[PDB]
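First, one chain by itself in structure tokens, the form deposited in one PDB entry.
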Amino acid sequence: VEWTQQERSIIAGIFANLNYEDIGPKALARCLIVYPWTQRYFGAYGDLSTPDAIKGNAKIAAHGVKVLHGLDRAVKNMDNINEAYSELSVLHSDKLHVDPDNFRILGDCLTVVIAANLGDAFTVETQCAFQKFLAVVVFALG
């Protein structure tokens, strides 16, 4: 976008704090549980029948961690998420045709997980910059 230094360092701050092994699985699982239509894209990832089974799923969990590494890559590229995401965009929009509303919805899920995890570190200012960030990511995906 047109980042201030404070936003850059808040955003890098959030992803320096997060353990992606914990956050990733939680956020993706939660996406699949709260918005089950997104299960459609994960037919190859084995067992998605109940919630308890979603959380127990190692393939879903690892994929949640890859989504965070994806995000982290966008934090390495804050001024060119578009370019940095081109192949991810070909993949989500040209190949899989995920409706843009879905990127929004997993973004939201992720913000809910990050909020639960960070507690008092999740200030208003922190969320403002985090959302600005996700809004660039979803535009880059679509």
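Heads up, when I say rigid core I mean the largest set of C-alphas that superpose within 1.5 Å between the two forms. Numbers follow the displayed sequence, beginning with 1.
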Can you tell me which stretch has the higher mean Cα B-factor, 78-86 or 50-58? 50-58
Given 108-116 and 32-40, the range whose Cα B-factors average higher in the PDB entry: 32-40
In this crystal structure's PDB entry, the residue among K26, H69, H63, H97 with the greatest CA B factor is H97
Based on the deposited C-alpha B factors for this chain, I'd like to know if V136 is in the lowest, middle or highest third. lowest
Which third of the chain holds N19 when residues are ordered by C-alpha B factor: lowest, middle or highest? middle
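Below, we turn to the form deposited in another entry, even though it does not appear here.
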2 Å-or-more CA mover between the shown form and the other one, where superposition uses the core and the choices are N117, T38, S93, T111: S93
